[PDB]
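Derivation of every value follows stated rules applied to the coordinates shown; laboratory data play no part. A quick note on method: Cβ atoms are made from the backbone with ideal geometry, for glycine too, and the neighbour counts reach across all protein chains shown.
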């Protein structure tokens, strides 16, 4: 139809387009490279090529497709690895024996010949169905059922529904008639990558994430369907938090879309997650590959593919939320994505903005993030599902003045700001508790109240202790601990105990691999109770000394309780809640025995 | 395949600005088509087509643009991308920037032509760096180790001995598994690519490789500073293509030393400026990240083949910083960062490697009970913490006085002194066995009492705190 | 001992040089024989490719 | 003694490198002999006078189709000029048959010396801005360059 005129980098200007709408995917050259339109100037239209452009001719034919960037949905989408343009990577590696990814490969996103079992949900002939109604369920794999729903833009009366049995995506499982005309439906569902899936109404989240790590789940919580941002740090961050959110989280499934990251790290993730025998069910050890999905696009991948990867990832989140699961999507991208925007904007000769980033960066980041949030689904039955966006930010080497960082913090609700100083000190969870925040602390009031009606007060006391210690650290840096009084000394002792016991976690051992909420809240209550009792004791002033003398008395003649407090982190979760709860209650009773026995003889 | 067509030859050189000749009235112009330019004098240069637009086409020239005239300068479109010839004979030879042999020998007889920027590897076919290579340098071996298929860029500044430590690594690199490892395939078949190097550095590397007896193994692609600037943007790609052919299609472990990546960022800047493109940070091209990804992500073990590619691209910060766009992007992409600090050099320690800024993402995979002592991770994580806390203590004592320090403060200061002197320093020709390095690290650690060793677990303490 | 060691090293170096020369001569002979054997077929293939035109 | 033995090892390595470089140079010399023999055969091909005309017609057709220019100016050697003058409008008719275009206004004068030409034609366009060098010596050294890996694969032993 149309022919190439100009080829500069990944930007191709093809004349003769005429009626070629924006973002209407076109296919370029004899090799048939995918490609999306980015600008128009008349009979010619700019194209992004999503692939290497070396070898393009002049007057090399370009074919239009009239369809915007679309990802193919349906069964088998779970547990696969897709390129940014949604090509099945394993399918390419097997179908073609070559270990490389050939230029311009045309493989269907989902296999069209695998036999899938069909279980209709009691839909009768002549019945009325509507957009997103859940007419059949397919067990894509054990422990993860896949409901099949009509597309949001579909309705009609059920003239024919296929019976239960083995079906393939090429078959018509359902028929509808509407407005005097009939339409057919298969198990596939193509959807534009942008234009988020429709929602009956959004909702305000109440359930917390309750992730494995103690700091995240206790100090700076996140809600299901929430929105987070970590500064994409390594050793910590992109590895430990990713593992916690994948294999040790209450989200019903995972969608890892980390693009623009190192190839070795991607290979390590893609080789470690295959085993990954997380106990997601109550008593089953099913591998999480039956639960997750990768949209990996390495750094060497074409620059124009980053946005496609991000949007396909968030679109896949939407399909699952629509079925009902509480998906949680983690994006190691959005640090390379800003670079991708800079590259395309500069090549498209757009006028730059503050710090050289395109002026519309905030708009794109908003249009991405605001697709989160738990949502009341379409169709029948009534249902609910959520999508969580735990994205990535520039590593802690640049201040928050970074335009990507400022744009994220202008939208993101929970900031797990990792600090590089903690990473130097080898504190592995590495969350800086002074700069992090969670605006969800108010909505979680009901859950905290019902779980433990006194957790809010102990959390506030812990925050006050940490802030007081960080405040007088500067004073100590000038004068020293010589002038520190009893209250200051006990506050610093409790802060050090909290820092090394509570806020740390190894995550490479059963002690800290996954800390349940009850164990974390019990540690917090124990530490805060010790702090309060010690402060009351040093305020009593009995024995004519009290004060720091009583502090030394409780640190020497009562230090076994202190050692048990600092070793409480090692309570093995495998022992079960009825055992660990009893152990912590006994430790609390022993602590209450102290500061009363210590007050018996008036110090 | 059926019949060929002899390449067209033009003369319509309507514009020559800097390293770019702007052809005109051309037909069928490929993108990245390699062109041959025959000047009026008869000398032949070789160029590349950076951009095609209508009948026009913009051609950069590698060997410079010092003689082109609008009348006589003939340009010929080979109608293909760059293809460096490759063969097993490419081992043990030294080459120019663009691949022309400079060893006074004959040109390569090719086994095949492999297009530069080789075919992308499907991530579903890569494997994480499994085995560890012994770097000889103790600081690298104990913290920030290197596994086969890793991308460790050495961050340095002008004047620091980054070239010397690179040569030491080249001479000392070897396997570690149970200390057991002819090994001709185990021989790392180093491919050295130098861009923008002072002739003294090139002579140094040449002499070191010749003396170490590796002259039958190593391979050198040189782009000296006096050599044309543009060839610096092709030399590392040629080196990586040669490494890929020597490793994946020939089953040899391969090690690559890219030198002065800042001298490659400079070429990117020159090319981008010559095209009047939109600049990025500090005027660097907006797509420098894409180019650096393309030049780094071509290393790593592959599942279907026994080969491997492990590259150590050394880097020179302009004003000894990290916020500069090139080291920043390299840190973003590469899986490691070895830091050579001016402070250590001012204190006269031959390896100035600052162990605190250092980092290796794949460190947790190379180490392990199957190939290392079980305490390796503990030992590293404790030395790092004590060094960092001791540095804080020294900073505090710099203002509060040596008298105001406590006993723990004095212990930390003594640990810092013996760590920076006895541990970090190593001979310019003497290696250290990984177990010997761990023994030295344990001697350093045992200064502190058992109570202060918070990171080390008691199980490893019982087997090692006494020895 | 040192004089004996240097004399033995010189003898070993001479032996290695002679072995290298013999191996080089053998390699040159093999390559010349192969080239002589295959030259006519190579030239025929080259001319066949050169002397054909399509359209 | 250590540096003496190190220098002896370095000398042994240098001797090994010299031997392998001599082997590689002999390989390149044999390749050069192959190229010389191919050039001799290509020159011998010019002896024909019937299929030679057909080959010249094919070459001129290919070149004119590659240029697709309104007015070329072909240049041929003084030897066998009669053959080109005879084929003349046959090439124009073939090109006009290839696509619905008016027959080019070819022009044929200066000729390069025989050994420089060794058959083939140089077509080019008006003002000589665009040049197509279909000489037999030009077809060679391109086929040679492409088939060289096949040559090495043929030189197993």
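Data for the structure
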| read-out | value |
| --- | --- |
| In the range D:30-45, the residues that are closer than 17 Å to residue D:76 by Cβ, surrounded by fewer than 18 Cβ atoms within 10 Å (Cβ to Cβ) and facing another protein chain (nearest Cβ under 7 Å) | D:45 |
| Residue count for the range B:84-109, restricted to those that are in contact with a helix residue (DSSP H, G or I) (Cβ under 9 Å, 6 or more places away or on another chain) and more than 10 Å from chain D (Cβ to nearest Cβ) | 9 |
| Subset of the range D:95-127 (residues that are within 13 Å of another protein chain (Cβ to nearest Cβ) and either at positive phi or under 24 Å from the mean Cα position of the chain (by Cα) (or both)) | D:95, D:118, D:119, D:120, D:121, D:122, D:123, D:124, D:125, D:126, D:127 |
| Where residue B:195 falls short, out of the listed (1) within 14 Å of another protein chain (Cβ to nearest Cβ); (2) outside any loop (DSSP other than H, G, I, E, B); (3) touching a helix residue (DSSP H, G or I) at 6+ places or on another chain (Cβ under 8 Å) | (1) |
| Flag if residue A:75 is surrounded by fewer than 21 Cβ atoms within 10 Å (Cβ to Cβ) and either closer than 30 Å to residue A:7 by Cβ or out of contact with any helix residue (DSSP H, G or I) (no Cβ under 6 Å at 6 or more places or on another chain) (or both) | no |
| All positions within the range A:395-418 that are in a loop (DSSP other than H, G, I, E, B), more than 20 Å from residue A:245 (Cα to Cα) and either within 14 Å of chain B (Cβ to nearest Cβ) or in contact with a helix residue (DSSP H, G or I) (Cβ under 6 Å, 6 or more places away or on another chain) (or both) | A:396, A:397, A:398, A:399, A:401, A:402, A:411 |
| Any hit, the range B:282-296, residues being surrounded by fewer than 23 Cβ atoms within 10 Å (Cβ to Cβ) and either more than 14 Å from chain A (Cβ to nearest Cβ) or in contact with a strand residue (DSSP E or B) (Cβ under 7 Å, 6 or more places away or on another chain) (or both) | no |
| Subset of the range B:297-323 (residues that are in contact with a strand residue (DSSP E or B) (Cβ under 6 Å, 6 or more places away or on another chain) and either at the interface with chain A (Cβ under 8 Å from one of its Cβ atoms) or assigned to a loop (DSSP other than H, G, I, E, B) (or both)) | B:299, B:300, B:301, B:312, B:313, B:314, B:320 |
| Residue in the range B:202-216 that is nearest to residue B:257 (Cα to Cα), counting only those that are surrounded by 18 or more Cβ atoms within 10 Å (Cβ to Cβ) and more than 14 Å from chain D (Cβ to nearest Cβ) | B:205 |
| Count of residues meeting criterion [in contact with a strand residue (DSSP E or B) (Cβ under 9 Å, 6 or more places away or on another chain) and away from chain A (no Cβ under 11 Å)] in the range B:369-391 | 2 |
| Condition met for residue A:134 (under 30 Å from residue A:498 (Cβ atoms) and in contact with a helix residue (DSSP H, G or I) (Cβ under 9 Å, 6 or more places away or on another chain)) | no |
| Test: residue in the range A:72-81 that is facing chain B (nearest Cβ under 10 Å), under 30 Å from residue B:52 (Cα atoms) and touching a strand residue (DSSP E or B) at 6+ places or on another chain (Cβ under 7 Å) | no |
| Number of the exception - residue D:78 against (1) surrounded by fewer than 18 Cβ atoms within 10 Å (Cβ to Cβ); (2) under 20 Å from the mean Cα position of the chain (by Cα); (3) assigned to a helix (DSSP H, G or I) | (3) |
| Test result for residue A:268, more than 17 Å from the chain's Cα centre (by Cα), surrounded by 24 or more Cβ atoms within 10 Å (Cβ to Cβ) and part of a helix (DSSP H, G or I) | no |
| Filter result (more than 10 Å from every other protein chain (Cβ to nearest Cβ), assigned to a helix (DSSP H, G or I) and under 16 Å from residue A:481 (Cα atoms)) within the range B:392-412 | B:393, B:397, B:407, B:408, B:409 |
| Single residue of the range A:11-28 satisfying the filter (within 14 Å of another protein chain (Cβ to nearest Cβ) and surrounded by 23 or more Cβ atoms within 10 Å (Cβ to Cβ)) that is nearest to residue B:288 (Cα to Cα) | A:12 |
| Selected residue (criterion: nearest to the other protein chains (Cβ to nearest Cβ)) from residues of the range D:46-65 that are surrounded by fewer than 17 Cβ atoms within 10 Å (Cβ to Cβ) and in a helix (DSSP H, G or I) | D:65 |
| Of all residues in the range A:347-360 being in a helix (DSSP H, G or I) and surrounded by fewer than 22 Cβ atoms within 10 Å (Cβ to Cβ), the one that is farthest from the other protein chains (Cβ to nearest Cβ) | A:354 |
| Matching residues in the range A:45-65 - criterion: being surrounded by fewer than 19 Cβ atoms within 10 Å (Cβ to Cβ) and more than 10 Å from every other protein chain (Cβ to nearest Cβ) | A:61, A:63, A:65 |
| Tally of residues being touching a helix residue (DSSP H, G or I) at 6+ places or on another chain (Cβ under 7 Å) and at the interface with chain B (Cβ under 7 Å from one of its Cβ atoms) across the range D:128-154 | 5 |
| Flag for residue B:266 being more than 11 Å from chain A (Cβ to nearest Cβ), within 20 Å of the chain's Cα centre (by Cα), within 30 Å of residue A:341 (Cα to Cα) and surrounded by fewer than 23 Cβ atoms within 10 Å (Cβ to Cβ) | yes |
| Total residues in the range B:343-367, condition within 14 Å of another protein chain (Cβ to nearest Cβ) and touching a strand residue (DSSP E or B) at 6+ places or on another chain (Cβ under 9 Å) | 13 |
| Hits in the range B:77-109 - residues which are crowded, with 20+ Cβ neighbours inside 10 Å and over 20 Å from residue B:215 (Cβ atoms) | B:77, B:82, B:84, B:85, B:97 |
| Test for residue A:242: is it within 14 Å of another protein chain (Cβ to nearest Cβ), within 10 Å of the chain's Cα centre (by Cα), in a helix (DSSP H, G or I) and under 12 Å from residue A:330 (Cβ atoms) | yes |
| Matching strands (runs of 3 or more DSSP E) fully within the range B:1-83 where at least 1 residues are more than 8 Å from every other protein chain (Cβ to nearest Cβ) | B:13-17, B:20-23, B:34-38, B:44-53, B:56-61, B:74-77 |
